[PDB]
Amino acid sequence: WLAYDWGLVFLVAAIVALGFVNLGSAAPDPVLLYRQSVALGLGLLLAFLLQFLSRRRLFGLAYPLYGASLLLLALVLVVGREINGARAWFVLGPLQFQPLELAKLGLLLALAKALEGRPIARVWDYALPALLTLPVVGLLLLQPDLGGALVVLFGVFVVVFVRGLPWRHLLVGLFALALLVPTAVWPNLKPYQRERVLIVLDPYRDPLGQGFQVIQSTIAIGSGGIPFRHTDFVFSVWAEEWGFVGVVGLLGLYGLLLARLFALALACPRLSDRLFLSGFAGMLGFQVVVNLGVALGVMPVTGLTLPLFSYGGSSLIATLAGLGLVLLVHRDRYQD
Amino acid sequence: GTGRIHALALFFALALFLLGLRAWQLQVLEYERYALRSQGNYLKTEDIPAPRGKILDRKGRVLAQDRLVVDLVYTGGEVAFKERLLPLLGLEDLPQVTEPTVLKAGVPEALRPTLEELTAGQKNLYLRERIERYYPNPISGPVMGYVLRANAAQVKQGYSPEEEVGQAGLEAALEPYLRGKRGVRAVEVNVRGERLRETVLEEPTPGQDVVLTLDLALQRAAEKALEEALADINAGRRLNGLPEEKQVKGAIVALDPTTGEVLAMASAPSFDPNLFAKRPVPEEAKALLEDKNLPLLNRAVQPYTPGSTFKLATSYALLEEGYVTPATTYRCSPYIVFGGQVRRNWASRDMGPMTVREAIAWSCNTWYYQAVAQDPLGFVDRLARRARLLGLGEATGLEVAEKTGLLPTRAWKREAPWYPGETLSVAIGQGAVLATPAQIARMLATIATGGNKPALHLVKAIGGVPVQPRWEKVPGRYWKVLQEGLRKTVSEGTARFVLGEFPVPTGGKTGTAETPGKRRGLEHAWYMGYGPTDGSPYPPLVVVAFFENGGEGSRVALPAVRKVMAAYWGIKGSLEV
């Protein structure tokens, strides 16, 4: 019907464009550029195929996708592949899939359809979303996946921050939870683990944090115009080669991207559309500020790539399939 | 319903602004910190070693430090300016080996400039620099101790293998303070591979310098006086037929009773702390660890039988409970019958009437036999009350690791079953009244001060912060009586021949402990002795000397204290010139 927001589409295209450009120097292996190019074609075709759906059908599979995502997060710990100390993928040869992507896209719908009703603010405000979040994060910490669990916990927070808003009770709850859990884990933490966490907060320990400390020096190489990885550190490769006058251009597009995500989130009148589009823009922005925070030596290392820049077999498709569902619920904001 | 979304839009806006601000910091404010000389020069990052602190005593005599170890290594076998090197090095030839080998280790400060002019910056001749802990004035290991590299178990705690972990009694207590922050730097490397500019990214902390209460003068005297005791230990064991057993086991402590500072602490057989430190793998140190003896343990802090030294506390508890007045009457007979067996005295004839002052002086055992025989069952529990009150049961507060001193009570024997005949052997110190010379040195310091129970501490100042001493007072109604009996021991008791003609009026008591092994005539040589009883213009001092199985505390331990006391107050010998 050509009633989308092309400004949001252009911002997506302009960053994936620099994505392949930055993948000219980062991951120069032509075998890698092929699997990324075919990932965009499937990422754009899937989002094109998702447009052949209605919003009611989308929210009709909220609990099915949520319940199916739990079946995958419980099955990934059995017949999964361990890539970096954790089984969190399904690779049967030419296939590449992660059960954490369906968990995020499934929990966003499930917690939007459910929280459309009244949340009992006194005690049970943090009951239904807590009952729908712990099974997800619990099956992620048993991988283990700390980066993916933080995106989930931040997305659920955004949904509750739009509907619940227990500001007085919420902040006091976090201050208590942030003091009792460290007081319990630190005594039971091993010296191998205690030093590990202390090295995460302060990155000045070379044998593990040398490359991550080198990132802070690598970025500041060029101004006004060997890294550990090309995935978890796309920005460092890009920030170093393009100086500072470029860095603002990337931060600009990502700033404008998260703006139209929140802007279109306001144009939707229905509550579940407010929740779903806020939890998506929150889940996407949280990855950016964390990924660039790790690169800029501010946020602790979590192991999360940067959208629209990272090399992803299924991550690019999943993020594009996520953007398609955003354009779906926007054109369906009026009709029932 | 919408205002909360404006906040997230504002939050992610300022978050990307802070990221834009942090980036601008590194890009603009720090570009001089990441200059590349307008060429494709890569950047290497190397950590900076941590200069460990310097251990030194009061008055500034360094006892431990680390510096550079300069070595000459060469590969290939090129002449260079060989005619000048051979007379300088004294090797007269270049041993042609395939692998890199070292020539003239420990290059002195005068040879280094001359070598540097002949180094010529060539590929074969260079000067590798190394860090190693250097003890300019080495002090007895069991007290001072050694240094090893980071163990595999310790590496996981976040310590680099180039770090030095001190298992030393003194260097472990100071290890958290001595250790410096291992800094990190990054240097611009040219295409040729040369150093161009250094960049400090973590400034190294050079550790902290600890000032000890030890005196290097009294420390040499203590370790020295341990050896002439061997000549006296072998002499005493000769009269028993036992072998010469020339091993010099024992220790000695000499501290200040007022300020609680320890001024001389040594053990034997001590070792050389420079052994474990400088050399990569010294084989002689490996034999020290597998030693059948105990060359690493400090015998000043290990529990041993105190014997006649503990009887000074038995008299204290006897006077504070009210069992005897300071002017009681007991005849020091040669033999006493407890009721089951005869309790033997150290002598064999009648000594005469004695008081508490006369009992400590002549070290009479038959005194404490008759005095405890009044209430043998209740005093033993009350004995340990005052004993732990004087500083014999609890810890001394030393920074070096210390062992537990066991004091016997009725409750302890139940968990170990009690017989009344044990009290008399416990009153003198036979009944497993295990104590340490450090605790024993403190028991004399309390009575010499007359109430104050100062805490022992090797450290006088960490960094620049003067460590203040912690005191504690004990309830003592009659202190002078114990003080007179201690000088009456020097004036008229056992120490009559050594310290009677001594200039400084000294008080003390000798000690011999029937060893539990065989009781075959070789006892534990003990003697305690504190400073000027009378107000002579001399600083106070307490000295205690112990020797394992040395025997004859009057013959072995008493002269050892006379030596250390002579070194402290500067007592001249046969120096008529």
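Residues numbered from 1 in each chain as written, not as in the entry; some residues may be left out. Chains lettered and ligands numbered in written order. Heavy atoms only, no water. Residues with missing side-chain atoms left out of burial classes, pairs and counts.

For this deposition, the record names X-ray crystallography as the technique by which the model was determined and cites 3.5000 Å as its resolution.

(A) Looking closely at the packing of aromatic side chains. Under the defined criterion, the tally for this structure stands at 20 aromatic pairs over all chains. Ring centres 5.2 Å apart and planes at 85° place the aromatic pair B:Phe11 and B:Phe12 in the edge-to-face group. Ring geometry for B:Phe271 and B:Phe276: centres 5.3 Å apart, planes at 70°, overall edge-to-face. Comparing B:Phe271 with B:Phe276, the two get one shared label, buried. These aromatic residues form a ring-pair network of at least three members: A:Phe154, A:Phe262, A:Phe286, B:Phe11 and B:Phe12. Above the ring of A:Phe59, the side-chain terminus of A:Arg55 is found at 3.8 Å from the ring centroid. (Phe/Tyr/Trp six-rings, centres within 6.5 Å; stacked < 30°, edge-to-face > 60°. Buried < 20%, exposed > 50% of the residue type's maximum accessible area, 1.4 Å probe, protein only. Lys NZ or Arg CZ within 6 Å of the ring centre and 35° of its normal.)

(B) The arrangement of the state of the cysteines in detail. Residues and elements named next belong to chain B. The final tally for this structure, using the stated rule, is 1 disulfide over all chains. Disulfide pairing places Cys332 opposite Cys364 at an S-S distance of 2.0 Å. The disulfide joining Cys332 to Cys364 has a torsion of about 105° about its S-S bond and is therefore right-handed. Of the two residues, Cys332 sits in the loop between β13 (330–331) and β14 (335–337) while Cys364 sits in the loop between α12 (356–361) and α13 (365–372), which places them 32 residues apart along the sequence. Overall, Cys364 belongs to the buried group, its relative accessible area being 1%. (Disulfide = S-S within 2.5 Å. Helix = DSSP H or I, 4+ residues; strand = E, 2+ residues; numbered from the N terminus.)

(C) Here's a closer look at the interface of chain A and chain B. On the side of chain B, 31 residues touch chain A, which itself brings 40 residues to the contact. Within the residue set of the side of chain A that touches chain B, elements represented by two or more residues are α7 (146–163), α9 (191–201), α10 (206–219), α11 (234–267) and α12 (271–295) of chain A. In terms of residues, the side of chain A that touches chain B owes the most to one element, α11(A), which gives 9 residues. Tallied by class, residues from the side of chain A that touches chain B come to 24 nonpolar, 12 polar and 4 charged. (Contact = heavy atoms within 4.5 Å. Nonpolar A, V, L, I, M, F, W, Y, C, P; charged D, E, K, R; others polar.)

(D) Highlighting a nonpolar patch on the surface. Together, B:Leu10, B:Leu14, B:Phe17, B:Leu18, B:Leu21, B:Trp24, B:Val28 and B:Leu29 make up a nonpolar patch on the protein surface, roughly 750 Å² of accessible area in all. Structurally, the position occupied by B:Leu21 is in helix α1 (residues 3–29). (Patch = residues over 30% accessible without salt bridge, like charges linked within 9 Å, V, L, I, M, F, W, Y side chains within 5 Å. Areas by Shrake-Rupley, 256 points an atom, 1.4 Å probe, with all protein chains shown as cover. Salt bridge = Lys/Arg side-chain N within 4 Å of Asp/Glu carboxyl O.)

(E) Representation of the UniProt feature "transmembrane region" (unreviewed entry) in chain A within the structure. All names here are of chain A. Mapped onto this numbering, the UniProt entry annotates "transmembrane region" (unreviewed entry) at residues 36–54, 61–80, 148–165, 170–189, 242–263, 275–296 and 308–329. In residues 36–54, helix accounts for 79% and strand for 0%; the two terminal C-alpha atoms are 29 Å from one another. Here residues 275–296 is 95% helix and 0% strand, with 31 Å between the C-alpha atoms at its ends. (UniProt positions renumbered as here; feature names shortened; annotations may be inferred.)

(F) The arrangement of the sheet that holds strand β21 (residues 542–547) of chain B in detail. Residue and element names in this part refer to chain B. An order of β12-β11-β21-β20-β19 is seen for the 5 strands of this open sheet, with the pairing classed as antiparallel. Lying at the two open borders of the sheet, with one neighbouring strand each, are β12 (262–268) and β19 (507–513). Ignoring strand direction, the axes of neighbouring strands in this sheet form an average angle of 5°. Across 7 bridges, the pairing between β19 and strand β20 (residues 524–530) is antiparallel. Within β20, the residue paired with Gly508 across the bridge is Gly529. Sitting on the sheet, helix α8 (residues 216–238) touches β11 (250–255), β12 and β21, and the angle it makes with β12 is about 40°. (Pairing = 2+ DSSP bridges. Axes fitted to C-alpha atoms, helices over the stretch in contact; angles between N-to-C directions.)

(G) How the structure looks around the pattern of salt bridges. Evaluated as defined, the whole model comprises 29 salt bridges over all chains. Linking B:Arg182 and B:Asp47 is a salt bridge whose minimum nitrogen-to-oxygen distance equals 2.6 Å. In this pair, B:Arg182 sits in the loop between α7 (175–178) and β8 (184–189) while B:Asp47 sits in strand β1 (residues 43–47), placing the two residues 135 residues apart along the sequence. When its relative accessible area of 31% is taken as the criterion, B:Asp47 is described as partly exposed. Here B:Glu484 makes a salt bridge to B:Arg357, at a shortest N to O gap of 3.1 Å. Its relative accessible area of 32% is what places B:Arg357 among the partly exposed residues. What emerges from the salt-bridge pattern is a single network uniting A:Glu116, A:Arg270 and A:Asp336.

(H) Expanded view of the pairing of β21(B). Across the 6 residues that make up β21(B), a large majority, 6, are buried. The side-chain alternation of β21(B) yields two buried faces, one formed by B:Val542, B:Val544 and B:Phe546 and the other by B:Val543, B:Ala545 and B:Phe547.

(I) Quick look at α13(B). Within α13(B), 7 of the 8 residues are buried, which leaves the element mostly enclosed by the surrounding structure. When we look at burial in α13(B), the residues that qualify are B:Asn365, B:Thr366, B:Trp367, B:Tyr368, B:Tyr369, B:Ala371 and B:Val372.

(J) Layout of the nonpolar core. A:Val136, A:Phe235, A:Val247, A:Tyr254, A:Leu257, A:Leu261 and A:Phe276 are the most contacted members of the largest nonpolar core, which totals 98 residues. Looking at this core, the element that brings in the most residues is α11(A), giving 16 residues. Residues in contact with A:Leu261, not counting those within four places in the same chain, are A:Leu8, A:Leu277, A:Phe280, A:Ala281, A:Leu284, A:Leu323 and A:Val326. Judged by nonpolar contacts, the second largest core, of 82 residues, contains B:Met265, B:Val372, B:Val459 and B:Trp479. (Core = buried A, V, L, I, M, F, W, Y, C linked by side-chain atoms within 4.5 Å.)

(K) How the structure looks around the environment of A:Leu11. Residue and element names in this part refer to chain A. Among the structural elements, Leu11 can be located in helix α1 (residues 6–25). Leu11 gets classed as buried once you look at its relative accessible area, which sits at 6%. In this structure, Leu11 is in contact with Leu253, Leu256, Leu257 and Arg260, ignoring residues within four places of it in sequence.

(L) Highlighting the sheet that holds strand β9 (residues 195–202) of chain B. Residues and elements named next belong to chain B. The strand order across the open sheet formed by 3 strands is β1-β8-β9, and the pairing between neighbours is antiparallel. Each having just a single partner strand, β1 and β9 make up the two edges of the open sheet. Adjacent strand axes in the sheet meet at a mean angle of 25° when their direction is disregarded. Summarising the sheet, β8 and β9 pair through 5 bridges and their orientation is antiparallel. Bridge pairing in β9 links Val187 to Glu198.

(M) Highlighting unusual backbone geometry. Residues A:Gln143 and A:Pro144 are joined by a peptide bond in cis, for which omega reads -5°. Cis geometry marks the peptide bond from B:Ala268 to B:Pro269, where omega comes out at 5°. Within the secondary structure, B:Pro269 is located in the loop between β12 and α9 (273–278). Although it is not a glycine, A:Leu2 adopts a positive phi angle of roughly 55°. As for its placement among the helices and strands, A:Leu2 is situated in the segment before α1. One non-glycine residue, A:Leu165, lies in the positive phi region at around 50°. Mapped onto the secondary structure, A:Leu165 falls in the loop between α7 and α8 (167–188). Owing to a relative accessible area of 42%, A:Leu165 belongs among the partly exposed residues under this scheme.

(N) Structural view of the packing of α7(A) against α1(B). Look at α7(A) against α1(B): their axes get within 9 Å of each other, and the N-to-C directions meet at 140°. When the interaxial angle is binned, α7(A) and α1(B) end up oblique. Residue-level contacts link A:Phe154, A:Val158, A:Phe161 and A:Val162 of α7(A) to B:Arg4, B:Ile5, B:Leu8 and B:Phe12 of α1(B). Per-class residue counts for the contact of α7(A) with α1(B) are 7 nonpolar, no polar and 1 charged. (Parallel < 35°, antiparallel > 145°, perpendicular 65-115°, else oblique.)

(O) Seen up close, the side chain of B:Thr510. Residue and element names in this part refer to chain B. With respect to the helices, strands and loops of the structure, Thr510 is situated in strand β19. Relative accessible area serves as the criterion here: at 11%, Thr510 is assigned to the buried category. If we skip the residues at most four places from it in the chain, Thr510 touches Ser308, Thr309, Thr494, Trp526, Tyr527 and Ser554.

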